[PDB]
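Shown below, as structure tokens, is a lone chain in the form deposited in one PDB entry; questions about how it binds or moves come after it.
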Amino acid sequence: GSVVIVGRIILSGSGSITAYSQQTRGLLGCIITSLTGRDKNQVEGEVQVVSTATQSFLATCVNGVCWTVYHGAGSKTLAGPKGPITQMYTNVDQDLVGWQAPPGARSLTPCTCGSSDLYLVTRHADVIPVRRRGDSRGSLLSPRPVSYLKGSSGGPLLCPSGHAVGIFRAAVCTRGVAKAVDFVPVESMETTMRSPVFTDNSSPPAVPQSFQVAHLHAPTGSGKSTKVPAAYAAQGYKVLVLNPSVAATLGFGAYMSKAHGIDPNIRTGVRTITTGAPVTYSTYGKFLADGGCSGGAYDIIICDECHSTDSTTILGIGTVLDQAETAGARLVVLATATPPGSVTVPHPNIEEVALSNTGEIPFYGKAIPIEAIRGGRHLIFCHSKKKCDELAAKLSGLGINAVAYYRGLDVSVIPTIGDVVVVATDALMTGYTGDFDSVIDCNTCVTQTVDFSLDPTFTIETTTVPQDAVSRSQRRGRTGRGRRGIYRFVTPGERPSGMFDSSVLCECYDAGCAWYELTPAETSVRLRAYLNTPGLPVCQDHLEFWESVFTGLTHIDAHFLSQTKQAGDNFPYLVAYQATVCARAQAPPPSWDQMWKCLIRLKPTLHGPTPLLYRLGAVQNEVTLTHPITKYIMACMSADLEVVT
């Protein structure tokens, strides 16, 4: 899926700025060149209209480099003369990427005039007056529905003389009405050309004189969470180590005792073991449960797997980065083998073979030859538990030894030895360590996005989407470790890594409130520290908004919170709170799906419309918007919300 110039925006060269569009492709060579990656059309102008199979937006030439946004182009190559063109610059932290300017492409000159009267060119060749307010912010003179600004990410903010000031990346909205714009300044583009092409950090950082936050990018199985602590501790240092997976944390004492002769502390909600050693191993959950950091117990805190975008790890890291320095630590280390922007490379131990339609076993529109999985140990990733269950059952029906694994199931279901086909969701990763002769990958994930739907408030929706770079790589990575593997896939398609959704923030607050006695205010301090930190995965900054929502969720029914927590489903807080409001109102929940099971005893007692606070799934019952919490959350919706265009 290469990026393809499909047209251009003609700018005036003198006088008042005017623009008009010329379209050079009509889906013709578009979706086609989208693949070939060879663009036989000549590049004129300085503002390009670009498009992928799915998305269209803009790109701006400055200092002989074609620039656009990461959120829009990912790491995708640019189509041109000598086929696909690799990106020369890729800066997730700033939401900015750039290819080298193709034949005949002229650039704009960076604004030196320091003006505050700016103009935004959109993909409709509109020239929109913007009043600069910040270094990266400008107010609109005529507020517009956000929809008008869409497909315009990547377009230039010009000064009156027509010099590039920045590129458009996001709109600040009030109830979906764009009133300001966020942009990437040209100084960021300059800083990006001037950064060392390669920055090595494959090496355990020296313990700084004063407190440092440091990065550690090294491939899996390099001693990142084993050797590296065994060196630090060797130098008489106190090591805390935080990992996302209980299974992984536990399995450390036994290996550290082996290949490193230490008996470290292991902390989990399942098993605490205090051996009184310098090195400790704890999950993010457990670290959060223990209140975070405490009086100078550690000099080094490694955040293993710092790239995972689950609410638990995000919140854990944020607590570190905010506290470590005050807890008397000298070094914090953000460790990962797959930083943001990371891309899928071939791997030596792993042969990759696309599935076809020939096979005895239907699998996501393709098929799996039985000989490929009869005999051996194999791992098949499905996007849902129901799918795991269905395929495991079908395989058993064929006399193939097969088990389903997903959250709610105990690891024991997985045989550690002998022929097996394990059919699993991504939950495999947090609760099991072993590897397999091959991996078969459906290439899809289930994710959650927030929609600020105003009906009445917001909506959290679950959708099946193509996988991202982190997903392919960790799934493929369950084979070919210390031996030969095979990786079979349904699609070669991949997706940009490094970003997560606002709903994950929402999840962090929910968890702070449900599981850690964290105030929204406290959770903010910790997320703030995470967001303030370069190198990490990125999310729109909606802290104030989410903080404001959870703040007004007062006096929850403790019994309800207990039931939602135990049941273990998403948003136990928000689910329990909506349950509380309902019961107190003597009204029914949004529906009688299992999400609302904590209310089943009261079923005969509850009648009339639901006092709906927000949408966490299907709403079957009638609704009333008159509850004060509803109105409270409605008032929260009026805050500035930056959304990407």
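For every residue, the number given is its place in the sequence shown, counted from 1. Note that the rigid core is defined as the largest set of C-alphas that superpose within 1.5 Å between two forms.
- As recorded in the PDB entry, 428-436 is the stretch of 428-436 and 398-406 with the greater mean C-alpha temperature factor.
- The stretch with the higher mean CA B factor, choosing between 363-371 and 477-485, is 477-485.
- The PDB entry assigns the greatest CA B-factor among 578, 68, 34, 620 to 34.
- Highest C-alpha temperature factor among 205, 151, 129, 537 per the entry: 205.
- Remark: residue 616 belongs to the lowest third of its chain, ranked by C-alpha B-factor as recorded.
- Sort the modelled residues of the chain by CA B factor and residue 630 lands in the lowest third.
- Residue 263: CA B factor lies in the highest third for its chain, per the PDB record.
- Residue 468: CA B factor in the middle third of modelled residues in this chain (values from the PDB entry).
- For residue 385, the recorded CA temperature factor ranks within the lowest third of the chain's modelled residues.
Unshown form deposited in another entry; subsequent notes refer to it.
- In the core-aligned comparison between this form and the one not shown, the C-alpha of 210 is the only one from 357, 142, 463, 210 that shifts by 2 Å or more.
- With the core held fixed between this form and the one not shown, residue 235 has its Cα displaced by at least 2 Å.
- After superposition on the rigid core, displacement of the C-alpha of residue 405 between this form and the one not shown stays below 2 Å.
- Once you line up the core between this form and the one not shown, the Cα of residue 74 stays within less than 2 Å of where it was.
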